[PDB]
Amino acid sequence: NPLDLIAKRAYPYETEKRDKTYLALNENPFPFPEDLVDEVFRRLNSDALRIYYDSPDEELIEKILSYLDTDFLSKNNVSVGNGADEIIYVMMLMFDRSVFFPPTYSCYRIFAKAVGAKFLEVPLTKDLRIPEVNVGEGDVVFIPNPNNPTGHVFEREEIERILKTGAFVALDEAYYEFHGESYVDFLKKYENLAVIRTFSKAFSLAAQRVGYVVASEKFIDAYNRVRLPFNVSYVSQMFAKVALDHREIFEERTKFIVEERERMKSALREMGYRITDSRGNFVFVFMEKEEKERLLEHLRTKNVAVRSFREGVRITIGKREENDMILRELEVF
């Protein structure tokens, strides 16, 4: 009964009914602009819906390349996924062993167990530094940068130290847009690196699932052989193309989210909370289990959702009134 083994081995699947003020999945506070939804639909060919539509199409790759804005990338350095999740998932199917460093993205462990990958979890140090680990060729090492859930940034030397082991580094730059530095340039020097990106956070397209990966031609070829061939829909691609053609609105939204993040980080410091230097669309607050659970319960009654972790809570940046409500809840507590 293989299905019993999956009950034992893999984590259960659950749908959770969202609270009124939901600040728990690092989603953008803003709806996708209505004008751009309109543009999407006046670009749609109903005759195109009936066919197996190339994933990615050429135009989406040209626009992603234009967004990346390098001198050295070509179309063979870029592919797409059904979310960044798919890219991670597929990478776990590709290598002998997956390595990651708690506190990290919760789906690494989940997907490893889901697909029965060999994996090694070694915790980040007390200072949130990457630990000493025995890794090499055959391994893929998943490093989110900025880190999730801490939002902190690993120094370049840290990433490079792993790169010099020969292990394959999967640099998950899901929160790149809120930080503004990318290690994509390291592809000039290292063949053993892939940078993973998404439209979900900064472009308000989490429901449409478009991720992309930037890597060497050898890797991208291999990835494209292992993934599903028609993995991103015609309309998801069109949403991503239209978003890339109108970046100014998204830049203004990002600017608001970062200013709102830093304002919250300052207020929390002034209150005496121990926080991380987060560079994502969220803040991380350290708290003790007992302080945490009392706060959580209070938020529960006020119809607010944040994300609980072992060492504290991760609060996504929302709208000005939501952010102020959070600060007020933390002040009393």
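When you see a residue number, it is the position in the sequence shown, counting from 1. Here the rigid core means the biggest group of C-alpha atoms that line up within 1.5 Å when the two forms are laid on top of each other.
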Higher-deviation stretch (C-alpha RMS, rigid core fit) in 4 other deposited structures of this protein, choosing from 290 to 298 and 22 to 30:
290 to 298
Which stretch is more displaced from the shown form in 4 other deposited structures of this protein, 247 to 255 or 171 to 179, with RMS over structures and residues of Cα positions after a rigid core fit?
247 to 255
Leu187 - which third its CA temperature factor falls in, relative to the rest of the chain:
highest
Tell me, lowest, middle or highest third: where does the Cα B factor of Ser66 rank within its chain?
middle
Among modelled residues of the same chain, the CA temperature factor third for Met91:
lowest
Of the three thirds of its chain by CA temperature factor, lowest, middle or highest, which one includes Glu16?
highest
Tertile call for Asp324 (CA temperature factor, within chain, third-based) is the lowest
